[PDB]
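In what follows, a single structure is set out as structure tokens and then discussed.
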Ligand SMILES: C/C1=C\[C@H](C)C[C@H](C)OC(=O)C[C@H](c2ccc(O)cc2)NC(=O)[C@@H](Cc2c(Br)[nH]c3ccccc23)N(C)C(=O)[C@H](C)NC(=O)[C@@H](C)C1
Ligand SMILES: C/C1=C\[C@H](C)C[C@H](C)OC(=O)C[C@H](c2ccc(O)cc2)NC(=O)[C@@H](Cc2c(Br)[nH]c3ccccc23)N(C)C(=O)[C@H](C)NC(=O)[C@@H](C)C1
Ligand SMILES: C/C1=C\[C@H](C)C[C@H](C)OC(=O)C[C@H](c2ccc(O)cc2)NC(=O)[C@@H](Cc2c(Br)[nH]c3ccccc23)N(C)C(=O)[C@H](C)NC(=O)[C@@H](C)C1
Ligand SMILES: Nc1ncnc2c1ncn2[C@@H]1O[C@H](COP(=O)(O)OP(=O)(O)O)[C@@H](O)[C@H]1O
Ligand SMILES: Nc1ncnc2c1ncn2[C@@H]1O[C@H](COP(=O)(O)OP(=O)(O)O)[C@@H](O)[C@H]1O
Ligand SMILES: Nc1ncnc2c1ncn2[C@@H]1O[C@H](COP(=O)(O)OP(=O)(O)O)[C@@H](O)[C@H]1O
Ligand SMILES: [Mg+2]
Ligand SMILES: [Mg+2]
Ligand SMILES: [Mg+2]
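Protein chains in written order, with the deposited numbering: chain D, 505 to 576; chain G, 5 to 375; chain F, 5 to 375; chain C, 5 to 375.
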């Protein structure tokens, strides 16, 4: 998940929707611990140690980006 | 729990909750696949698109309509379109809500068998029913008597009804359509030098047919008028910004409904099949059928089709007998509005097929209960 | 391990590590041999020179470009240039790093076969891929839709792409070039009395073309202006300190891209091949192609080529349709920057050709995997 | 007086007198202009060349085809080609003889209007008619029933006919062509390292396509065979005496007719459009259409296209229903032979458009009388 989020940061016209679509392509039925909420396409579920947790995609790419321009 | 009401067709899908005033999800019913080699890496390339997505991307795609002539002709794409309708576009789980489904009359039985089998097995819908389009048009227009004429993409059909009883022997069906009007529009448009070959071009032709066609009140007089003068001739802007000018043809296109001989069929036009359907009814009711003609579905939206119909029936019908055509402006949606009204009724709640009754009888039950 | 990213061409070689912001090694791609009898003893005479060395010595040397028109036309000199690239100029052993290589589209297949065979057998690179220049320009400019126009020394080519799918039938290739602009510059320069015959003189002509040429916005108006006035006329200093003065010719030289009839070809200029490539695309995408035109490679560096292109396409294109030309200042390197971005992506790591797959399938695998 | 019979197309012009067994004048339909500066004085420099002259000189010339896709797209060059046809190459004044002209179906009306206007006004032909190519193929092959498939340079079209009545709704048209097969042949030939850029090179590619291409009976089996073995690989001698070797590609080129997806279109191949055209016919005739398939025009000359068509239709058509393909060796000329037969008939003499009827009705008469 983190490595696809980092790829989506740099890839042009990146978005949270195309990230989520990459999640579903990569994991949706290959890993028992990753799950998609049935009624939505903007979220994913990780079975943690304690509990399942829905994570919303809407924040992720806006928050993940850092690049600090050296001249500044 | 509010039942879902879903109306499939060739062309648009219309879906929403019962008791709503208007459908919540409307989108053209298309499944599209890419036909070019995806060159960029990591794009997130997707197997196929549905509805509005397939419309936006369409330049990349082959567009295939999974229903031709009201028959579902590949069940995988249709099941994709329902999956998109419930989960993506209404965002409501089918395991909560009864569902109501809509079909053209005199269709094959297997279409209902498969449609119920997919609803119970593949979506686990707790209850379902299948209504006739024409019956629902009467609920929408607020009547219990009349001869319905309903024409969409795909099927055109007349169903006479008198105080809530159908007259099965008088039901008529015809395969003139928005679609065959579109293919005729392409084949005639070729005359002026414009060639629309691919499916995504056909969608442009469809938009030309919606925006610019109109039903000539008198055919040969407007033919002579268009030969004499530019005044009838009007122009449209293709997506790339080129302009095309179309002439007499724009009235020539929707008349084929009245004269199927243009597209090459022999069965008479919607006026004469309306008259012949009334004539197949017993003589006492016929006054009330002439008093009510209810139009439905998009192919009856053309400007002037109401007056051309009223005139040409009045020419067919006995001179004393008052002919009236009832064309409500909303009529593109009236089959859905009627389905909403029906599904809301309390008396109807008796009449759903329930999952237990399906498990007992198997998918043939639909013929027994529904119609 | 960071993959290498290497972009060969006629003219400069550009190489560096993936994920860098700009290429670490840039040098003109030349192999040079001495043509004079070495008189001194113990000089340290060397069999042949590569790159910047051949540039410095060049007065002594025959300079040969091992790639003309994007095709490798003697494999020994090309293998020398790769040897210099990996060992001398990047100083990194190829047995550690995947490598990414770049080619113009619609090249012969044998060029990819030989290039992969030499990478696996002669450098033992653990994995390699071959990308299209135009595709990489889209990664660099930050887009997934547009028609790329990319022109270096050797090949000029347009590749339209729409949401990550190429349109192979619409790909155009042309052999106007920095090089044929150079040979035209020599043949026209003769008019004013200056004759640059040898290859090391051609390098001077190339430096004149870089420093002083500019694309006339309107050709005949600037021809009349240069006939009327000195004001357009500008001068340059040969290595020996002589001065030369060049006139109207300095704008006459880069226009041949727009009018190949000057050099003697008949195929229309880069504007009309851009338009013809868009026209070979289906009508729905064309708005987005006109919205994005991406220039790439050094031959698009001339002052005013962006505005001359925008004007002349707008004259070709339907009047309503907004035409935009996207000429980023970096565009000389954008094929490398795009290769760096692509090689950095995590999804791509699936997509390298690996040495095992080569040993199993032989060098023909490149056609299967790469494009 | 013997009427002239003239059959225009993209590619060859075929003209001769009615009642002759074979056309008297056949020459490729090209207008050519010089593109080099004439240096010699008193050469007799000529504004432009037509037909065989433009072929012989062609290395000096830009060659322009005045008909693309069966549409006349610049009327001056077309009028030159008619001038050359009547005066230079038949040497007979048009003011003596009725003329018969030939067109692909479903063309724009303006093409017939202008062609008649130029015949009456500019050549003063006493009478003229315009026939459909497919109809004439049936006269040539000696039948009054069948589905014609006729493919030349430019248009490919199917026209079903049953006992002398056409079935307009079942007419199909496609823009696969000898010409698009040629452009595909150039674009694929590039793979092996051979680049044919200019129009006079395109004429070489056309001659390669004529001499060496053949339709693979089973595509993937011959692809594997050509990958495995040289035995399929054959070589040709360019005009300058260089040799080129072409491999699997020579069968790869004509299959695109069967799989337009190679050139990038989506509409199915000539077999599936033939089947779909039969299916658009009413169910009683279909046996007789399957019994007769008539091929016409040069693009159906490829070795094995007859057997590949018969096999692939038999695979599409119901197994009992006898499929027959009728490919006469003369079929390149059969549209002319049919025009000769028709023009010779006595009943036809009623049916010419006469000059008086043109003066009365204007050039629109052609739509009324001809079809
Ligand atoms: C050769 C013939 C029939 C067929 C090709 C023979 C095959 C064997 O019948 C099938 O079983 C296939 C299929 C079919 C599809 C789904 C299904 O659950 C059951 C059957 N039904 C069809 O293709 C229908 C569809 C249809 C049109 Br549109 N409107 C209609 C109105 C009411 C009912 C159905 C339809 N169709 C196009 C035809 O019949 C055509 C007009 N029929 C003929 O030309 C005659 C000469 C007989
Ligand atoms: C943008 C569009 C149209 C045009 C560019 C819009 C312009 C405005 O139309 C014209 O009026 C010009 C002209 C034309 C030429 C001569 C003439 O006496 C009348 C018109 N006709 C043409 O360029 C034809 C020629 C043609 C091909 Br090949 N087969 C065909 C089959 C039947 C008829 C004609 C043809 N042509 C190439 C096209 O339509 C292309 C395929 N059309 C399209 O992509 C769609 C999306 C609409
Ligand atoms: C006489 C002809 C061909 C040749 C001389 C005949 C010989 C026999 O072909 C070869 O096999 C040699 C070779 C070649 C080189 C390396 C290789 O792994 C395979 C072949 N290819 C070449 O010399 C190419 C290179 C090239 C230019 Br630049 N852009 C191109 C675009 C696409 C592809 C290739 C190219 N080249 C210069 C030509 O074709 C010239 C333009 N062709 C012609 O004038 C016509 C009339 C046909
Ligand atoms: N304003 C309009 N004028 C003419 N035709 C229309 C108009 N709107 C829609 N259509 C055509 O009517 C058909 C759609 O009819 P509709 O009844 O909405 O389909 P459905 O049967 O799926 O409900 C299509 O062919 C569409 O192009
Ligand atoms: N500032 C400039 N103005 C015009 N032409 C230039 C300029 N800089 C380089 N060129 C020319 O562009 C060509 C190099 O293009 P480039 O894309 O860098 O080569 P490559 O294809 O190897 O990357 C050479 O002909 C060079 O002379
Ligand atoms: N024996 C052949 N095999 C394959 N293609 C051929 C053959 N002879 C001619 N052609 C091609 O067919 C086209 C000419 O078709 P034709 O029908 O004769 O032209 P027109 O439409 O002018 O009558 C040209 O592309 C020509 O190169
Ligand atoms: Mg409807
Ligand atoms: Mg480059
Ligand atoms: Mg022909």
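Just so you know, even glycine gets a beta-carbon here, dropped at the ideal spot from N, CA and C.
* Asked: Taking Cβ positions only, does residue 507 of chain D come closer than 8 Å to chain F?
  -> For the purposes of this step, residue 507 of chain D is taken as the residue at position 3 of the first chain. Closer than 8 Å to some Cβ of chain F, the Cβ of residue 507 of chain D qualifies, so yes.
* Relative to the C-alpha of residue 370 of chain G, which residue among G/363, G/364, G/357 is closest? -> Numbered from 1 along the second chain, position 366 holds the residue referred to as residue 370 of chain G. The shortest Cα separation from residue 370 of chain G among G/363, G/364, G/357 belongs to G/357.
* Check whether the Cβ atoms of residue 216 of chain G and residue 250 of chain G sit closer than 8 Å, and answer yes or no. => Within the second chain, residue 216 of chain G is the residue found at index 212, counting from 1. Within the second chain, residue 250 of chain G is the residue found at index 246, counting from 1. Against a cut-off of 8 Å, the Cβ pair of residue 250 of chain G and residue 216 of chain G comes out as a contact.
* To do: State the Cα-Cα distance for the pair residue 132 of chain F and residue 154 of chain F, rounded to the nearest angstrom.
  => Taking the third chain and counting its residues from 1, one reaches residue 132 of chain F at position 128. Taking the third chain and counting its residues from 1, one reaches residue 154 of chain F at position 150. When rounded, the distance between both Cα atoms is 23 Å.
* Is any heavy atom of ligand 2 found at a distance shorter than 7 Å from the C-beta of residue 179 of chain C? -> In the fourth chain, residue 179 of chain C corresponds to position 175, counting from 1. Yes, ligand 2 has a heavy atom inside 7 Å of this Cβ.
* To do: State whether the stretch 339-356 of chain G contacts the stretch 304-318 of chain G, with contact taken as three or more CB pairs (one from each stretch) at a distance under 8 Å.
  => No: fewer than three Cβ pairs fall under 8 Å.
* Asked: First and last residue of the beta strand (DSSP E) that includes residue 379 of chain F?
  -> With chain F represented from 5 up to 375, any question about residue 379 of chain F goes unanswered, as that position is not in the structure.
* Asked: Taking 8 Å as the CB-CB limit, is residue 501 of chain D close to chain F?
  -> Any question about residue 501 of chain D goes unanswered here, given that chain D covers just 505 to 576.
* State the DSSP-derived secondary structure class of residue 131 of chain G, mapped to helix, strand or coil. => As a first step, residue 131 of chain G must be located in the second chain, where it is residue number 127. It is a strand residue.
* To do: Report the rounded CA-to-CA distance for residue 360 of chain G versus residue 21 of chain G, giving the unit in angstroms.
  => The count along the second chain starts at 1 and reaches residue 360 of chain G at position 356. The count along the second chain starts at 1 and reaches residue 21 of chain G at position 17. Their backbone Cα atoms lie some 24 Å apart in a straight line.
* Within 8 Å (strictly less), CB to CB, does residue 185 of chain C reach chain G? -> Position 181 of the fourth chain, counted from the start, is the residue given in the question as residue 185 of chain C. Not one chain G Cβ lies under 8 Å of residue 185 of chain C.
* Asked: Would residue 320 of chain C count as contacting chain G if we go by Cβ distances under 8 Å?
  -> Counting from 1 along the fourth chain, the entry for residue 320 of chain C is found at position 316. Closer than 8 Å: no.
* Expressed to the nearest angstrom, what Euclidean distance is found between the alpha-carbon atoms of residue 329 of chain C and residue 325 of chain G? -> On the fourth chain, residue 329 of chain C is found 325 positions in, with the first residue counted as 1. On the second chain, residue 325 of chain G is found 321 positions in, with the first residue counted as 1. For residue 329 of chain C and residue 325 of chain G, the distance between alpha carbons rounds to 59 Å.
* To do: Mark residue 104 of chain F as exposed unless 16 or more other C-beta atoms lie within 10 angstroms of its C-beta, in which case mark it buried.
  => On the third chain, residue 104 of chain F is found 100 positions in, with the first residue counted as 1. Looking at its Cβ environment, which holds 16 or more other Cβ atoms inside 10 Å, residue 104 of chain F is buried.
* Asked: At least one CB of chain G closer than 8 Å to the CB of residue 154 of chain F: is that the case?
  -> Along the third chain, one-based indexing puts residue 154 of chain F at 150. Not one beta carbon of chain G lies nearer than 8 Å to the beta carbon of residue 154 of chain F.
* Could you tell me whether any non-hydrogen atom of ligand 2 is closer than 7 Å to the CB of residue 568 of chain D? => The residue labelled residue 568 of chain D in the question sits at position 64 within the first chain. For ligand 2, not one heavy atom lies less than 7 Å from the Cβ of residue 568 of chain D.
* Asked: Any heavy atom of ligand 1 closer than 7 Å to the CB of residue 112 of chain G?
  -> Translated into the one-based positions of the second chain, residue 112 of chain G becomes position 108. Remark: the shortest separation between the CB of residue 112 of chain G and any heavy atom of ligand 1 falls under 7 Å.
* Asked: Can you list every residue whose CB sits closer than 6 Å to some heavy atom of ligand 9, going in chain order?
  -> C/13, C/137, C/156, C/301, C/339
* Check the C-beta distance from residue 209 of chain F over to residue 194 of chain F and give it rounded, since I have them as a contact under 8 Å. => For the purposes of this step, residue 209 of chain F is taken as the residue at position 205 of the third chain. For the purposes of this step, residue 194 of chain F is taken as the residue at position 190 of the third chain. Incorrect: roughly 11 Å between the Cβ atoms, too far for contact.
* Three-state secondary structure (DSSP) of residue 6 of chain C -> Taking the fourth chain and counting its residues from 1, one reaches residue 6 of chain C at position 2. In this structure, residue 6 of chain C counts as coil in the three-state DSSP scheme.
* With a cut-off of 8 Å, does the C-beta of residue 278 of chain G fall near any C-beta of chain C? -> Residue 278 of chain G sits at position 274 when you count from the first residue of the second chain. So, not an interface residue.
* Please decide whether residue 64 of chain G counts as near chain F, where near means a Cβ-Cβ distance under 8 Å. => Within the second chain, the letter at position 60 stands for residue 64 of chain G. Cβ-Cβ to chain F under 8 Å: yes for residue 64 of chain G.
* To do: Helix, strand or coil for residue 234 of chain C, going by three-state DSSP, please let me know.
  => Start at 1 with the first residue of the fourth chain, and residue 234 of chain C comes out as number 230. Of the three classes helix, strand and coil, the one that applies to residue 234 of chain C here is coil, per DSSP.
* To do: Determine, using beta carbons only, whether residue 288 of chain F comes closer than 8 Å to chain G.
  => The residue labelled residue 288 of chain F in the question sits at position 284 within the third chain. Chain G contact via Cβ: present.
* Using 8 Å as the threshold, is the stretch 7-15 of chain C in touch with the stretch 64-74 of chain C, meaning 3 or more CB pairs across them? -> yes
* **Contacts that residue 229 of chain G makes with chain C (C-beta to C-beta distance below 7 Å)** => Stepping through the second chain from its first residue, residue 229 of chain G is reached at position 225. Those within 7 Å of residue 229 of chain G in chain C number zero; the least Cβ separation is about 16 Å.
* Asked: Mind checking whether the beta-carbon of residue 284 of chain C lies closer than 7 Å to any heavy atom of ligand 6?
  -> Looking up residue 284 of chain C in the fourth chain gives position 280. Outside the cutoff, so no.
* To do: Could you tell me the boundaries of the beta strand (DSSP E) in which residue 29 of chain F lies?
  => As a first step, residue 29 of chain F is located in the third chain; it is residue number 25 there, counting from the start. Where residue 29 of chain F is concerned, the enclosing beta strand (DSSP E) stretches over 29-32.
* What residues of chain G sit near residue 131 of chain F, judged by a beta carbon separation below 7 Å? -> Residue numbering aside, residue 131 of chain F sits at position 127 when the third chain is read from its first letter. The premise fails here: residue 131 of chain F is roughly 15 Å from chain G at the closest Cβ pair, so nothing lies under 7 Å.
* Sorry if obvious, but does the Cβ on residue 280 of chain F come closer than 7 Å to a heavy atom of ligand 2? -> On the third chain, position 276 is the one that residue 280 of chain F refers to. Residue 280 of chain F Cβ: outside cutoff for every heavy atom of ligand 2.
* Asked: For a contact meaning CB atoms closer than 9 Å, what does residue 113 of chain C contact in chain G?
  -> Here residue 113 of chain C corresponds to residue number 109 of the fourth chain, with the count starting at 1. Neighbours of residue 113 of chain C in chain G, taken as residues whose beta carbon is under 9 Å from its own, are 195, 196, 197 in chain order.
* Asked: Taking Cβ to Cβ, would you say residue 43 of chain G is nearer than 8 Å to residue 170 of chain F?
  -> As a first step, residue 43 of chain G must be located in the second chain, where it is residue number 39. As a first step, residue 170 of chain F must be located in the third chain, where it is residue number 166. Going by C-beta atoms, residue 43 of chain G is nearer than 8 Å to residue 170 of chain F.
* What is the rounded straight-line gap between the Cα of residue 172 of chain C and the Cα of residue 116 of chain F? -> For this step, residue 172 of chain C is matched to residue 168 along the fourth chain. For this step, residue 116 of chain F is matched to residue 112 along the third chain. Each residue's Cα considered, the two are about 51 Å apart.
* Asked: With distances taken from CA atoms, which of G/101, G/140, G/109, G/318 is nearest residue 127 of chain G?
  -> Sequence index remark: in the second chain, residue 127 of chain G carries index 123 (1-based). Residue G/101 is the option with its Cα nearest to residue 127 of chain G.
* To do: Could you tell me if the beta carbon of residue 198 of chain G falls within a distance shorter than 7 Å of some heavy atom in ligand 2?
  => In the second chain, the residue the question calls residue 198 of chain G occupies position 194. At least one heavy atom of ligand 2 is nearer than 7 Å to the Cβ of residue 198 of chain G, so yes.
* Is there a Cβ from chain C that is less than 8 Å from the Cβ of residue 173 of chain F? -> Counted from its first residue, the third chain places residue 173 of chain F at position 169. So yes, residue 173 of chain F belongs to the interface.
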